[PDB]
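Engineer: To be precise about what I am sending: the file is called entry.tsv and holds TSV, C-alpha atoms.
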```tsv
chain	number	residue	atom	x	y	z
B	2	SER	CA	31.25	-13.04	-7.39
B	3	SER	CA	28.36	-11.28	-5.61
B	4	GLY	CA	25.68	-10.51	-8.15
B	5	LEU	CA	22.88	-8.02	-7.93
B	6	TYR	CA	19.37	-8.77	-6.69
B	7	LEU	CA	17.11	-6.17	-8.43
B	8	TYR	CA	13.89	-4.97	-6.78
B	9	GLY	CA	12.51	-2.42	-9.24
B	10	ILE	CA	13.19	0.34	-11.75
B	11	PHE	CA	12.23	3.93	-11.03
B	12	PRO	CA	12.27	7.11	-13.15
B	13	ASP	CA	13.85	9.46	-10.51
B	14	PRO	CA	16.73	9.63	-8.10
B	15	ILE	CA	16.22	7.94	-4.76
B	16	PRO	CA	18.21	9.62	-2.00
B	17	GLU	CA	20.40	7.75	0.49
B	18	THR	CA	18.39	9.16	3.42
B	19	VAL	CA	15.85	6.51	2.29
B	20	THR	CA	17.16	3.58	4.37
B	21	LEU	CA	15.99	0.20	3.17
B	22	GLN	CA	16.59	-3.40	3.95
B	23	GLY	CA	15.96	-6.39	1.74
B	24	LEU	CA	16.57	-10.09	1.33
B	25	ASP	CA	18.75	-11.59	4.05
B	26	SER	CA	18.61	-8.26	5.82
B	27	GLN	CA	21.01	-6.83	3.17
B	28	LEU	CA	21.07	-3.06	2.78
B	29	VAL	CA	19.27	-1.73	-0.31
B	30	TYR	CA	20.93	0.79	-2.63
B	31	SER	CA	19.91	2.89	-5.60
B	32	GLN	CA	22.03	3.18	-8.71
B	33	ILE	CA	21.26	5.71	-11.38
B	34	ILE	CA	22.10	4.79	-14.98
B	35	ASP	CA	21.16	7.48	-17.53
B	36	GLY	CA	17.94	8.59	-15.76
B	37	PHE	CA	16.80	5.10	-14.63
B	38	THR	CA	17.14	4.25	-10.95
B	39	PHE	CA	17.69	0.55	-10.10
B	40	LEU	CA	16.96	-0.51	-6.50
B	41	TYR	CA	19.15	-3.48	-5.64
B	42	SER	CA	21.03	-5.38	-2.95
B	43	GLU	CA	24.05	-7.59	-3.00
B	44	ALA	CA	23.10	-11.14	-3.97
B	45	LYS	CA	25.00	-13.81	-2.14
B	46	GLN	CA	23.57	-16.79	-4.20
B	47	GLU	CA	22.56	-16.85	-7.93
B	48	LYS	CA	19.05	-18.08	-6.95
B	49	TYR	CA	16.73	-17.38	-4.04
B	50	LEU	CA	13.83	-19.63	-3.05
B	51	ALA	CA	10.48	-17.98	-3.08
B	52	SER	CA	9.89	-18.82	0.62
B	53	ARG	CA	7.22	-16.90	2.46
B	54	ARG	CA	10.00	-15.01	4.31
B	55	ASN	CA	11.84	-13.92	1.14
B	56	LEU	CA	8.68	-12.87	-0.70
B	57	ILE	CA	7.85	-10.56	2.16
B	58	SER	CA	11.32	-9.04	2.14
B	59	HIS	CA	10.98	-8.31	-1.59
B	60	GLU	CA	7.43	-6.93	-1.40
B	61	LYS	CA	8.36	-4.62	1.57
B	62	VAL	CA	11.35	-3.02	-0.12
B	63	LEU	CA	9.03	-1.79	-2.93
B	64	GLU	CA	6.16	-0.87	-0.58
B	65	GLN	CA	8.62	1.13	1.55
B	66	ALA	CA	9.88	2.97	-1.53
B	67	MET	CA	6.30	3.84	-2.41
B	68	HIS	CA	5.60	5.09	1.15
B	69	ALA	CA	8.66	7.38	0.82
B	70	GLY	CA	7.29	8.99	-2.43
B	71	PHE	CA	8.58	6.80	-5.25
B	72	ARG	CA	5.19	5.67	-6.48
B	73	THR	CA	5.93	5.41	-10.17
B	74	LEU	CA	7.96	2.24	-10.84
B	75	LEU	CA	8.30	-0.93	-12.73
B	76	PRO	CA	8.36	-3.56	-9.97
B	77	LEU	CA	10.26	-6.71	-10.72
B	78	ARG	CA	9.17	-10.23	-10.13
B	79	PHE	CA	10.83	-11.93	-7.22
B	80	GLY	CA	14.17	-13.74	-7.79
B	81	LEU	CA	15.82	-11.52	-10.36
B	82	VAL	CA	19.61	-11.88	-9.84
B	83	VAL	CA	21.98	-10.64	-12.55
B	84	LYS	CA	25.71	-10.96	-12.51
B	85	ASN	CA	26.83	-7.35	-12.93
B	86	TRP	CA	25.86	-3.85	-14.09
B	87	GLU	CA	27.17	-4.54	-17.61
B	88	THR	CA	24.58	-7.25	-17.92
B	89	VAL	CA	21.91	-4.86	-16.48
B	90	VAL	CA	22.79	-2.37	-19.22
B	91	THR	CA	23.07	-4.72	-22.21
B	92	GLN	CA	20.11	-7.04	-21.53
B	93	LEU	CA	17.62	-5.21	-19.33
B	94	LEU	CA	18.08	-1.54	-20.11
B	95	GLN	CA	19.50	-0.71	-23.47
B	96	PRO	CA	16.82	-2.49	-25.57
B	97	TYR	CA	13.99	-1.38	-23.31
B	98	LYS	CA	14.47	2.35	-22.83
B	99	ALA	CA	11.43	3.40	-24.88
B	100	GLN	CA	9.03	0.91	-23.28
B	101	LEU	CA	10.23	1.86	-19.84
B	102	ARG	CA	9.67	5.60	-20.62
B	103	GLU	CA	6.14	4.88	-21.96
B	104	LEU	CA	5.46	2.80	-18.94
B	105	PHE	CA	6.54	5.50	-16.50
B	106	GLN	CA	4.22	7.85	-18.43
B	107	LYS	CA	1.22	5.49	-17.88
B	108	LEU	CA	1.85	4.84	-14.19
B	109	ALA	CA	2.76	8.34	-13.09
B	110	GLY	CA	0.28	9.64	-10.53
B	111	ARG	CA	-1.54	6.25	-10.43
B	112	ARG	CA	-1.90	3.17	-8.30
B	113	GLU	CA	-2.96	-0.42	-8.31
B	114	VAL	CA	-5.72	-1.60	-5.95
B	115	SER	CA	-7.30	-5.01	-5.95
B	116	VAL	CA	-10.72	-6.45	-5.17
B	117	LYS	CA	-11.37	-10.07	-4.45
B	118	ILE	CA	-14.97	-11.09	-3.89
B	119	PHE	CA	-15.83	-14.45	-2.30
B	120	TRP	CA	-19.23	-16.16	-1.78
B	121	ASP	CA	-20.38	-19.38	-0.09
B	122	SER	CA	-20.07	-21.73	-3.15
B	123	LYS	CA	-22.04	-24.69	-1.73
B	124	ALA	CA	-24.96	-22.58	-0.37
B	125	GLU	CA	-25.44	-20.59	-3.59
B	126	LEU	CA	-25.44	-23.82	-5.66
B	127	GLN	CA	-28.34	-25.29	-3.62
B	128	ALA	CA	-30.09	-21.89	-3.55
B	129	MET	CA	-29.86	-21.84	-7.42
B	130	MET	CA	-31.51	-25.34	-7.78
B	131	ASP	CA	-34.46	-23.72	-5.93
B	132	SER	CA	-35.02	-20.85	-8.57
B	133	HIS	CA	-37.48	-20.99	-11.59
B	134	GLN	CA	-36.67	-24.40	-13.20
B	135	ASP	CA	-35.99	-27.25	-10.78
B	136	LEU	CA	-35.11	-30.75	-12.11
B	137	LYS	CA	-34.54	-33.65	-9.62
B	138	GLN	CA	-31.56	-32.18	-7.51
B	151	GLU	CA	-25.87	-39.94	-21.13
B	152	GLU	CA	-27.85	-36.56	-21.22
B	153	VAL	CA	-25.69	-35.82	-18.11
B	154	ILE	CA	-23.71	-33.53	-20.56
B	155	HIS	CA	-26.86	-31.39	-21.09
B	156	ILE	CA	-27.74	-31.03	-17.37
B	157	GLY	CA	-24.11	-30.28	-16.24
B	158	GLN	CA	-24.00	-27.61	-19.01
B	159	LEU	CA	-27.29	-26.00	-17.84
B	160	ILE	CA	-26.21	-25.72	-14.20
B	161	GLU	CA	-22.71	-24.40	-15.16
B	162	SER	CA	-24.22	-21.69	-17.42
B	163	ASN	CA	-26.87	-20.65	-14.83
B	164	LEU	CA	-24.22	-20.53	-12.12
B	165	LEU	CA	-22.16	-18.18	-14.25
B	166	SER	CA	-25.25	-15.89	-14.50
B	167	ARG	CA	-25.68	-15.78	-10.74
B	168	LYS	CA	-21.99	-14.84	-10.28
B	169	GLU	CA	-22.15	-12.36	-13.11
B	170	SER	CA	-25.06	-10.48	-11.66
B	171	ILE	CA	-22.93	-9.75	-8.65
B	172	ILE	CA	-19.73	-9.11	-10.56
B	173	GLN	CA	-21.41	-6.73	-13.02
B	174	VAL	CA	-22.66	-4.42	-10.26
B	175	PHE	CA	-19.15	-4.10	-8.74
B	176	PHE	CA	-17.60	-3.53	-12.20
B	177	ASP	CA	-20.14	-0.86	-13.32
B	178	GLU	CA	-19.96	0.91	-10.02
B	179	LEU	CA	-16.17	0.94	-9.53
B	180	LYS	CA	-14.94	1.26	-13.17
B	181	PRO	CA	-15.73	5.03	-13.24
B	182	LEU	CA	-12.99	5.77	-10.69
B	183	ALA	CA	-10.39	3.73	-12.62
B	184	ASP	CA	-8.35	4.23	-15.78
B	185	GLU	CA	-7.93	0.53	-16.52
B	186	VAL	CA	-9.37	-2.75	-15.13
B	187	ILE	CA	-7.79	-6.24	-15.50
B	188	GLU	CA	-9.72	-9.29	-14.25
B	189	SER	CA	-8.03	-12.58	-13.49
B	190	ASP	CA	-9.40	-16.07	-12.95
B	191	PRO	CA	-10.63	-17.21	-9.55
B	192	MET	CA	-7.87	-18.50	-7.21
B	193	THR	CA	-10.12	-20.47	-4.74
B	194	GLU	CA	-13.51	-22.24	-5.23
B	195	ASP	CA	-15.25	-19.44	-3.32
B	196	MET	CA	-13.64	-16.61	-5.26
B	197	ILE	CA	-15.89	-15.09	-7.89
B	198	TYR	CA	-13.98	-11.89	-8.71
B	199	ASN	CA	-10.32	-11.07	-8.81
B	200	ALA	CA	-9.78	-7.66	-10.28
B	201	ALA	CA	-7.02	-5.13	-10.33
B	202	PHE	CA	-7.87	-1.41	-10.92
B	203	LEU	CA	-5.40	1.24	-12.03
B	204	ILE	CA	-6.68	4.46	-10.40
B	205	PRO	CA	-5.40	8.00	-10.01
B	206	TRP	CA	-3.47	8.05	-6.75
B	207	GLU	CA	-5.95	10.55	-5.19
B	208	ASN	CA	-8.97	8.32	-5.99
B	209	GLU	CA	-8.19	5.77	-3.27
B	210	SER	CA	-10.32	7.29	-0.45
B	211	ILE	CA	-13.46	7.44	-2.68
B	212	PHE	CA	-12.77	4.02	-4.19
B	213	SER	CA	-12.59	2.52	-0.71
B	214	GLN	CA	-15.87	3.97	0.34
B	215	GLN	CA	-17.55	2.89	-2.98
B	216	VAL	CA	-16.47	-0.70	-2.52
B	217	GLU	CA	-18.06	-0.57	0.91
B	218	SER	CA	-21.32	0.97	-0.22
B	219	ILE	CA	-21.68	-1.65	-2.97
B	220	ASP	CA	-21.09	-4.49	-0.44
B	221	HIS	CA	-23.75	-3.06	1.90
B	222	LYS	CA	-26.22	-3.74	-0.99
B	223	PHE	CA	-25.54	-7.53	-0.84
B	224	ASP	CA	-25.83	-7.75	2.99
B	225	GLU	CA	-23.67	-10.50	4.57
B	226	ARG	CA	-23.73	-12.55	1.34
B	227	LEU	CA	-20.12	-11.74	0.34
B	228	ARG	CA	-16.61	-11.57	1.79
B	229	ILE	CA	-14.62	-8.68	0.29
B	230	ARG	CA	-10.80	-8.48	0.28
B	231	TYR	CA	-9.69	-5.02	-0.80
B	232	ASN	CA	-5.93	-4.29	-1.01
B	233	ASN	CA	-5.33	-0.57	-1.31
B	234	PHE	CA	-1.54	-0.47	-1.41
B	235	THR	CA	0.56	-2.73	-3.57
B	236	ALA	CA	3.35	-2.43	-6.15
B	237	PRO	CA	1.69	-2.16	-9.60
B	238	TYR	CA	2.58	-5.60	-11.07
B	239	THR	CA	-0.57	-6.15	-13.10
B	240	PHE	CA	-0.13	-2.86	-14.99
B	241	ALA	CA	3.67	-2.76	-15.24
B	242	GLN	CA	4.55	-5.18	-17.95
B	243	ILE	CA	7.25	-5.24	-20.50
B	244	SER	CA	6.96	-7.07	-23.79
B	245	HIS	CA	9.89	-8.67	-25.45
B	246	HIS	CA	12.26	-6.59	-27.62
B	247	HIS	CA	14.71	-7.90	-30.32
B	248	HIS	CA	18.07	-9.25	-28.96
B	249	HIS	CA	20.89	-9.98	-31.49
B	250	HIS	CA	23.16	-13.09	-31.26
```
Show me the file's structure as structure tokens.
Structural biologist:
Amino acid sequence: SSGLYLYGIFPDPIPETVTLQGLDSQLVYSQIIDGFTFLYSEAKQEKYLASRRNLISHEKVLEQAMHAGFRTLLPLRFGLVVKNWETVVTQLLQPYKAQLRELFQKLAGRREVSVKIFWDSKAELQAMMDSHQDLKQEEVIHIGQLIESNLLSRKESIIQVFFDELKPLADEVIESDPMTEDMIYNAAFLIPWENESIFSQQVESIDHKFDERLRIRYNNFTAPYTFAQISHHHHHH
């Protein structure tokens, strides 16, 4: 009654010379089924807690596959344990072949990078009160609407420059909502694999234009989760 912890799905064979280690230090295997390669390890439990430790093990199996050449992949969300290969075939594979082939077409030769921009939220709020209009530092609804809309403008002036100036090196851009209070941009870019060096330098030359006003967090190597999504197919019962 060991199930299968699944890490990702790849279009090509992965050789056994690619040594890999996963959750609980289990060895990681590949398993080809009709031209789809599933990277997996033996699951001891049915469920794994998303502890910091386990999330790192999961993330590194896929990153290590990418470092070894297997850059096109659907990466799976942490925790995916299925009972047996029959269930992998009937539920995960058979109904999804076409979407998985399309998806491998879109990702081939491409990579996800991310850009998170932070500013000093407090400082830029007080700096904005000192601007062109300056009230005294109910109709409380009106005034809290006017600050919130003029704050958005001040963010969006920064954001827009980064978006106009990086978008030309990318095939697709997906923006997500701020995680922290200081975060003003959280964007994933899908770029040709060989655009990374120029992208990296472009990010840096844009930042130089804003002086020490921003913190930039650029991740240049990650499994492509934002751009590898599978919509639901019909399942008969």
Engineer: Please return, as JSON, numbers by chain, all polymer residues that have at least one atom within 8 Å of the point (-22.6, -15.9, 2.2); use all atoms listed in the file and the file's own coordinate frame.
Structural biologist: {"B": [120, 121, 124, 125, 225, 226, 227, 228]}
Engineer: If you count all atoms listed in the file, which residues fall within 8 Å of residue 196 of chain B, apart from same-chain ones fewer than 4 positions away, as a PyMOL selection string?
Structural biologist: chain B and resi 117-120+191-192
Engineer: Output the selection as a compact mmCIF listing (two decimals), in the frame of the given file - C-alpha atoms for each residue.
Structural biologist:
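Ended up saving to selection05.txt:
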```
# COMPACT_ATOMS: atom_id res chain seq x y z
CA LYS B 117 -11.37 -10.07 -4.45
CA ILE B 118 -14.97 -11.09 -3.89
CA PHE B 119 -15.83 -14.45 -2.30
CA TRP B 120 -19.23 -16.16 -1.78
CA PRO B 191 -10.63 -17.21 -9.55
CA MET B 192 -7.87 -18.50 -7.21
```
Engineer: Given the choices B:9, B:88, B:56, B:18, which gets closest to residue 42 of chain B if the distance is worked out from only C-alpha atoms?
Structural biologist: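 The closest residue to residue 42 of chain B is B:9.
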Engineer: In terms of the shortest atom-to-atom distance over all atoms listed in the file, which of B:239, B:14, B:154, B:164 is closest to residue 127 of chain B?
Structural biologist: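 Distance minimum relative to residue 127 of chain B lands on B:164.
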Engineer: From the list B:182, B:236, B:33, B:128, which residue is nearest residue 60 of chain B when using all atoms listed in the file?
Structural biologist: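 The closest residue to residue 60 of chain B is B:236.
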Engineer: Would you work out the distance separating atom CA of residue 8 of chain B from atom CA of residue 76 of chain B, expressed in Å to one decimal?
Structural biologist: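 Spanning atom CA of residue 8 of chain B to atom CA of residue 76 of chain B is a straight-line distance of 6.5 Å.
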Engineer: Could you tell me how far atom CA of residue 194 of chain B sits from atom CA of residue 114 of chain B, in Å to one decimal place?
Structural biologist: 22.1 Å
Engineer: For a cutoff of 10 Å around the file-coordinate point (26.1, -6.1, -9.9), which residues qualify once you count only C-alpha atoms? I'd like the result as a PyMOL selection string.
Structural biologist: chain B and resi 2-7+41-44+82-89
Engineer: Which distance in Å separates atom CA of residue 113 of chain B and atom CA of residue 193 of chain B, to one decimal?
Structural biologist: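 Interatomic distance, atom CA of residue 113 of chain B to atom CA of residue 193 of chain B: 21.6 Å.
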Engineer: Which of these residues is nearest to residue 108 of chain B, using only C-alpha atoms: B:13, B:184, B:217, B:177?
Structural biologist: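 Of all the options, B:184 lies closest to residue 108 of chain B.
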Engineer: Give me segment 104-134 of chain B with N, CA and C atoms filled in, as a PDB file, keeping the file's coordinate frame.
Structural biologist:
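Full text of out_24.pdb as output:
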```
ATOM      1  N   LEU B 104       6.099   3.433 -20.052  1.00  0.00           N
ATOM      2  CA  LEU B 104       5.460   2.800 -18.940  1.00  0.00           C
ATOM      3  C   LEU B 104       5.408   3.787 -17.768  1.00  0.00           C
ATOM      4  N   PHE B 105       6.507   4.494 -17.519  1.00  0.00           N
ATOM      5  CA  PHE B 105       6.540   5.500 -16.500  1.00  0.00           C
ATOM      6  C   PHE B 105       5.520   6.606 -16.762  1.00  0.00           C
ATOM      7  N   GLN B 106       5.326   6.971 -18.029  1.00  0.00           N
ATOM      8  CA  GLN B 106       4.220   7.850 -18.430  1.00  0.00           C
ATOM      9  C   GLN B 106       2.819   7.353 -18.010  1.00  0.00           C
ATOM     10  N   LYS B 107       2.502   6.094 -18.249  1.00  0.00           N
ATOM     11  CA  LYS B 107       1.220   5.490 -17.880  1.00  0.00           C
ATOM     12  C   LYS B 107       0.999   5.400 -16.365  1.00  0.00           C
ATOM     13  N   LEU B 108       2.021   5.035 -15.620  1.00  0.00           N
ATOM     14  CA  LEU B 108       1.850   4.840 -14.190  1.00  0.00           C
ATOM     15  C   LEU B 108       1.938   6.117 -13.369  1.00  0.00           C
ATOM     16  N   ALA B 109       2.514   7.169 -13.927  1.00  0.00           N
ATOM     17  CA  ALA B 109       2.760   8.340 -13.090  1.00  0.00           C
ATOM     18  C   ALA B 109       1.462   8.898 -12.547  1.00  0.00           C
ATOM     19  N   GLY B 110       1.439   9.111 -11.241  1.00  0.00           N
ATOM     20  CA  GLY B 110       0.280   9.640 -10.530  1.00  0.00           C
ATOM     21  C   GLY B 110      -0.827   8.638 -10.283  1.00  0.00           C
ATOM     22  N   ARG B 111      -0.525   7.325 -10.463  1.00  0.00           N
ATOM     23  CA  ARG B 111      -1.540   6.250 -10.430  1.00  0.00           C
ATOM     24  C   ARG B 111      -1.163   5.101  -9.553  1.00  0.00           C
ATOM     25  N   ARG B 112      -2.117   4.221  -9.270  1.00  0.00           N
ATOM     26  CA  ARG B 112      -1.900   3.170  -8.300  1.00  0.00           C
ATOM     27  C   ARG B 112      -2.723   1.934  -8.527  1.00  0.00           C
ATOM     28  N   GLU B 113      -2.205   0.796  -8.132  1.00  0.00           N
ATOM     29  CA  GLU B 113      -2.960  -0.420  -8.310  1.00  0.00           C
ATOM     30  C   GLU B 113      -3.686  -0.703  -6.995  1.00  0.00           C
ATOM     31  N   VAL B 114      -4.976  -1.048  -7.078  1.00  0.00           N
ATOM     32  CA  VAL B 114      -5.720  -1.600  -5.950  1.00  0.00           C
ATOM     33  C   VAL B 114      -6.381  -2.867  -6.423  1.00  0.00           C
ATOM     34  N   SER B 115      -6.678  -3.783  -5.512  1.00  0.00           N
ATOM     35  CA  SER B 115      -7.300  -5.010  -5.950  1.00  0.00           C
ATOM     36  C   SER B 115      -8.569  -5.291  -5.142  1.00  0.00           C
ATOM     37  N   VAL B 116      -9.458  -6.058  -5.777  1.00  0.00           N
ATOM     38  CA  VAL B 116     -10.720  -6.450  -5.170  1.00  0.00           C
ATOM     39  C   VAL B 116     -10.942  -7.924  -5.427  1.00  0.00           C
ATOM     40  N   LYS B 117     -10.973  -8.695  -4.354  1.00  0.00           N
ATOM     41  CA  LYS B 117     -11.370 -10.070  -4.450  1.00  0.00           C
ATOM     42  C   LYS B 117     -12.669 -10.262  -3.696  1.00  0.00           C
ATOM     43  N   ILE B 118     -13.661 -10.763  -4.427  1.00  0.00           N
ATOM     44  CA  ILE B 118     -14.970 -11.090  -3.890  1.00  0.00           C
ATOM     45  C   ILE B 118     -15.119 -12.609  -3.739  1.00  0.00           C
ATOM     46  N   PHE B 119     -15.533 -13.045  -2.553  1.00  0.00           N
ATOM     47  CA  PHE B 119     -15.830 -14.450  -2.300  1.00  0.00           C
ATOM     48  C   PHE B 119     -17.314 -14.616  -1.940  1.00  0.00           C
ATOM     49  N   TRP B 120     -17.930 -15.724  -2.353  1.00  0.00           N
ATOM     50  CA  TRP B 120     -19.230 -16.160  -1.780  1.00  0.00           C
ATOM     51  C   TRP B 120     -19.139 -17.579  -1.202  1.00  0.00           C
ATOM     52  N   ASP B 121     -20.218 -17.996  -0.546  1.00  0.00           N
ATOM     53  CA  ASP B 121     -20.380 -19.380  -0.090  1.00  0.00           C
ATOM     54  C   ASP B 121     -20.779 -20.287  -1.275  1.00  0.00           C
ATOM     55  N   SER B 122     -19.814 -20.974  -1.889  1.00  0.00           N
ATOM     56  CA  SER B 122     -20.070 -21.730  -3.150  1.00  0.00           C
ATOM     57  C   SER B 122     -21.152 -22.778  -3.018  1.00  0.00           C
ATOM     58  N   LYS B 123     -21.060 -23.606  -1.969  1.00  0.00           N
ATOM     59  CA  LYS B 123     -22.040 -24.690  -1.730  1.00  0.00           C
ATOM     60  C   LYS B 123     -23.453 -24.095  -1.631  1.00  0.00           C
ATOM     61  N   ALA B 124     -23.648 -23.198  -0.662  1.00  0.00           N
ATOM     62  CA  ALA B 124     -24.960 -22.580  -0.370  1.00  0.00           C
ATOM     63  C   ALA B 124     -25.680 -21.970  -1.582  1.00  0.00           C
ATOM     64  N   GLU B 125     -24.909 -21.296  -2.421  1.00  0.00           N
ATOM     65  CA  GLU B 125     -25.440 -20.590  -3.590  1.00  0.00           C
ATOM     66  C   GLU B 125     -25.766 -21.561  -4.735  1.00  0.00           C
ATOM     67  N   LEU B 126     -25.134 -22.739  -4.722  1.00  0.00           N
ATOM     68  CA  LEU B 126     -25.440 -23.820  -5.660  1.00  0.00           C
ATOM     69  C   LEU B 126     -26.819 -24.429  -5.372  1.00  0.00           C
ATOM     70  N   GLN B 127     -27.045 -24.766  -4.097  1.00  0.00           N
ATOM     71  CA  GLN B 127     -28.340 -25.290  -3.620  1.00  0.00           C
ATOM     72  C   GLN B 127     -29.474 -24.237  -3.694  1.00  0.00           C
ATOM     73  N   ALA B 128     -29.143 -22.982  -3.389  1.00  0.00           N
ATOM     74  CA  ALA B 128     -30.090 -21.890  -3.550  1.00  0.00           C
ATOM     75  C   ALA B 128     -30.506 -21.695  -5.029  1.00  0.00           C
ATOM     76  N   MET B 129     -29.581 -21.942  -5.963  1.00  0.00           N
ATOM     77  CA  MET B 129     -29.860 -21.840  -7.420  1.00  0.00           C
ATOM     78  C   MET B 129     -30.737 -22.979  -7.974  1.00  0.00           C
ATOM     79  N   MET B 130     -30.592 -24.208  -7.447  1.00  0.00           N
ATOM     80  CA  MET B 130     -31.510 -25.340  -7.780  1.00  0.00           C
ATOM     81  C   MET B 130     -32.985 -24.983  -7.459  1.00  0.00           C
ATOM     82  N   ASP B 131     -33.200 -24.394  -6.278  1.00  0.00           N
ATOM     83  CA  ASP B 131     -34.460 -23.720  -5.930  1.00  0.00           C
ATOM     84  C   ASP B 131     -34.627 -22.291  -6.583  1.00  0.00           C
ATOM     85  N   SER B 132     -34.978 -22.186  -7.876  1.00  0.00           N
ATOM     86  CA  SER B 132     -35.020 -20.850  -8.570  1.00  0.00           C
ATOM     87  C   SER B 132     -36.258 -20.549  -9.448  1.00  0.00           C
ATOM     88  N   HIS B 133     -36.263 -20.997 -10.717  1.00  0.00           N
ATOM     89  CA  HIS B 133     -37.480 -20.990 -11.590  1.00  0.00           C
ATOM     90  C   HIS B 133     -37.699 -22.398 -12.202  1.00  0.00           C
ATOM     91  N   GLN B 134     -36.678 -22.962 -12.864  1.00  0.00           N
ATOM     92  CA  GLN B 134     -36.670 -24.400 -13.200  1.00  0.00           C
ATOM     93  C   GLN B 134     -35.952 -25.199 -12.111  1.00  0.00           C
TER      94      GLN B 134
END
```
